[PDB]
There are 2 protein chains.
Amino acid sequence: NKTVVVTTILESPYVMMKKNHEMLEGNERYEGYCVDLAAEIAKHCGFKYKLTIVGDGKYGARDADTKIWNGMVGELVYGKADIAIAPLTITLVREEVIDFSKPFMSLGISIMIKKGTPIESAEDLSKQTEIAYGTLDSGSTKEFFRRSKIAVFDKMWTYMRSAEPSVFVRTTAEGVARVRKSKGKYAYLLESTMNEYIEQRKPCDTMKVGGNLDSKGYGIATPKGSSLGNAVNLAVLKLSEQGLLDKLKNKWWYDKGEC
Amino acid sequence: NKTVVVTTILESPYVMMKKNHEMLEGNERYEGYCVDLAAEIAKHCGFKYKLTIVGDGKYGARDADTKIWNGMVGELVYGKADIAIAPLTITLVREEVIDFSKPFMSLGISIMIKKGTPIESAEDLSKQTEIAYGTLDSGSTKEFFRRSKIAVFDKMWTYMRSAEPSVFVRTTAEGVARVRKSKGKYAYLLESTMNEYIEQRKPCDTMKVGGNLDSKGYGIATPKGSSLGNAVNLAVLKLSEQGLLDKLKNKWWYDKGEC
Ligand SMILES: O=C(Cc1ccc(-n2nc(C(F)(F)F)c3c2CCCC3)cc1)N1CCCC1
Ligand SMILES: N[C@@H](CCC(=O)O)C(=O)O
Ligand SMILES: N[C@@H](CCC(=O)O)C(=O)O
Ligand SMILES: [Zn+2]
Ligand SMILES: [Zn+2]
Ligand SMILES: [Zn+2]
Ligand SMILES: [Zn+2]
Ligand SMILES: [Zn+2]
Ligand SMILES: [Zn+2]
């Protein structure tokens, strides 16, 4: 056996640097839902592991020209990591190049506003121009809009793709900060899981509005045909059935609530 | 190529006999969410197929003594069908013997009451004895209670397992009828998808109460190592991303609403 290299991403409350731990070593530096999940998966599957943060800070997309995968997906595709344990969305284009476990969490695209913003739905956003809106610049949310044939979402993409200045952000934290600083003139499209987390964080000035725009899941990813895929998949189902995933959700979202 | 034998189950609104079609032939007899899903899967995967209703009318469980699988799971395990396209819950014990696609629908165990029943939650059910409650006698809901280590659910199982007369039912329709006829003295534990469907059916006398007790998914099942598994899995993701699964949900639940 060898130590399994885990790629993950700094995304609250999934993986966070513990206060004042920057200069410590190894796995103990990090906390969060995916840190606890990695420990359980590794225990059930009988492996030792090293948590690493994805070098480019991205989830994963294929460049249109170079055909090269970036982010966590790229780390798996090019053999830089053995497994990705992160809020990584199961998508068709990714499933074509890596393997996913059954989902460990359900989510959908959602709208985050600064409280008091006169927006209730995606339709509302699409029918006005005063309030700008965008997504994480690389990720499954952007791709959702890029590919949608649904009238409202196609309209939103036509606006977003050419809006100036760019409505896209490099990180979730950047999108949240942009909502908070924009006096109601920027809304952020992000996954319901993140949105619901931030809604319960100080300064308690954002909220989720409207229903989810889609329904999907996060999965644990391994390189195609990995020795780990089968056991990891069975482990996710065991964690689900043993109530552990619900325990972790309660721990990191609502037990954490500051609002 | 050969005609693919599809096993499914008569369960509204997934697969229903069209009015006055009992004496007709082939696939045209049936309608419902899973009928529409089967047509899309078959189109994307490039196969012809025959819809068949599971002979024993069960979802699938392994007998404790004989070790034999019944229901749709058994039809796959013993080679009687090529694929199951039905509201078949993804579970660990099933995943050990058959393959599941990524989920096509999200659901959780839920409580159905006759309107006016003084029950708001599973905790409420567990803390009283006036109102009886039970599950489908063979299925993932029964197994959930049989295996739970959560205090409230363990208490409920201890009651259900020895209650007389039996609190278990052979079919969802039987559980719904039992709620409707029992003057508030029977509550039925069933999947949220079914519960939400029935809530919108005449005579509009039942309702879903409380949050879901768990979170899981339905998947399309194939025998272990089937030639169809890979393509079916990719097809489910395509249907999800193309908004087709959302379209089918709206079609069979809410466009169907009678209340
Ligand atoms: O498996 C359960 C719930 C759950 C159920 C279903 C999904 N997923 N996951 C997908 C996905 F495969 F990602 F596209 C899709 C769904 C339902 C909607 C169709 C596409 C996702 C999640 N969880 C594990 C622990 C908590 C939630
Ligand atoms: N979970 C997403 C990143 C967040 C987003 O795109 O909103 C992904 O796997 O790409
Ligand atoms: N979907 C369930 C049947 C319904 C239930 O158990 O409530 C199964 O696959 O076993
Ligand atoms: Zn420490
Ligand atoms: Zn465990
Ligand atoms: Zn620009
Ligand atoms: Zn007809
Ligand atoms: Zn299609
Ligand atoms: Zn009895």
Side-chain angles (χ1 to χ4, degrees), chain A residues 44 89-97 99-109 140-141 143-154 192-193 211-219 224-225 230-250 254, chain B residues 44 89-97 99-109 140-141 143-154 192-193 211-219 224-225 230-250 254:
Chain A
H44 285 277
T89 303
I90 295 161
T91 71
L92 180 60
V93 295
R94 292 170 176 169
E95 259 264 30
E96 290 172 346
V97 301
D99 287 333
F100 284 103
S101 71
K102 286 296 182 297
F104 63 83
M105 195 172 275
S106 64
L107 70 300
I109 293 161
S140 53
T141 303
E143 180 78 354
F144 173 86
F145 285 99
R146 185 189 278 112
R147 303 298 167 204
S148 189
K149 295 187 195 182
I150 298 175
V152 168
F153 307 147
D154 174 279
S192 53
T193 40
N212 290 349
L213 289 57
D214 69 355
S215 188
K216 54 212 180 183
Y218 298 143
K224 226 105 185 89
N230 180 65
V232 164
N233 183 58
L234 298 177
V236 167
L237 295 175
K238 185 171 263 185
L239 296 186
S240 169
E241 291 181 6
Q242 286 189 344
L244 178 116
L245 301 178
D246 293 322
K247 199 167 301 174
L248 291 189
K249 178 77 162 166
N250 290 338
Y254 308 114
Chain B
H44 285 277
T89 303
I90 295 161
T91 71
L92 180 60
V93 295
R94 292 170 176 169
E95 259 264 30
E96 290 172 346
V97 301
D99 287 333
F100 284 103
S101 71
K102 286 296 182 297
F104 63 83
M105 195 172 275
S106 64
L107 70 300
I109 293 161
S140 53
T141 303
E143 180 78 354
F144 173 86
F145 285 99
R146 185 189 278 112
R147 303 298 167 204
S148 189
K149 295 187 195 182
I150 298 175
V152 168
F153 307 147
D154 174 279
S192 53
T193 40
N212 290 349
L213 289 57
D214 69 355
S215 188
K216 54 212 180 183
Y218 298 143
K224 226 105 185 89
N230 180 65
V232 164
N233 183 58
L234 298 177
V236 167
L237 295 175
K238 185 171 263 185
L239 296 186
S240 169
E241 291 181 6
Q242 286 189 344
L244 178 116
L245 301 178
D246 293 322
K247 199 167 301 174
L248 291 189
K249 178 77 162 166
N250 290 338
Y254 308 114

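Keep in mind that the numbers below use all heavy atoms, side chains included, and drop hydrogens, waters and symmetry copies. Sequence lines set the chain letters: A, B, ... in the order given, protein chains first and strands last, and positions in each chain run from 1.
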Asks: Could you pull out all residues at least two apart from B:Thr91 that satisfy side-chain hydrogen bond (donor to acceptor under 3.5 Å, both in side chains)?
Replies: none

Asks: Are more than 12 heavy atoms, taken from residues, nucleotides or ligands other than B:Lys247, located less than 6.0 Å from that residue's NZ atom?
Replies: no

Asks: Would the distance check show the side chain of A:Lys102 and the main-chain N or O of B:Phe100 forming a donor-acceptor pair, the cut-off being under 3.5 Å?
Replies: yes

Asks: Sort A:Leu234 into side chain, backbone, both or neither according to what part of it lies under 4.5 angstrom from a heavy atom of chain B.
Replies: both

Asks: Holding to salt bridge (charged side-chain N to carboxylate O under 4.0 Å, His left out), I want the full list of residues that pass it with A:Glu241, two or more places apart in sequence or in another chain.
Replies: none

Asks: Identify the heavy atoms of B:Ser240 and A:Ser215 that sit nearest to each other, and give their distance.
Replies: OG-O, 3.8 Å

Asks: Find the distance between NZ (B:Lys216) and CG (A:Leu245) and round it off to the nearest 0.5 Å.
Replies: 13.0 Å

Asks: Does a sphere of radius 6.0 Å around NZ in A:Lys249 hold more than 12 heavy atoms from other residues, nucleotides or ligands, not counting ones at 6.0 Å or beyond?
Replies: yes

Asks: For chain B, find which of A:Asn230, A:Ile90, A:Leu92, A:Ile150 contributes the most heavy-atom pairs closer than 4.5 angstrom.
Replies: A:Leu92

Asks: Using non-hydrogen atoms only, which part of A:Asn233 is less than 4.5 Å away from chain B: side chain, backbone, both, or neither?
Replies: side chain

Asks: What's the separation between atom CG in B:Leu237 and atom CZ in A:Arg94, rounded to the nearest 0.5 Å?
Replies: 12.0 Å

Asks: Which atoms of A:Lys238 are under 4.5 Å from chain B, going by heavy atoms: the side chain, the backbone, both sets, or neither?
Replies: both

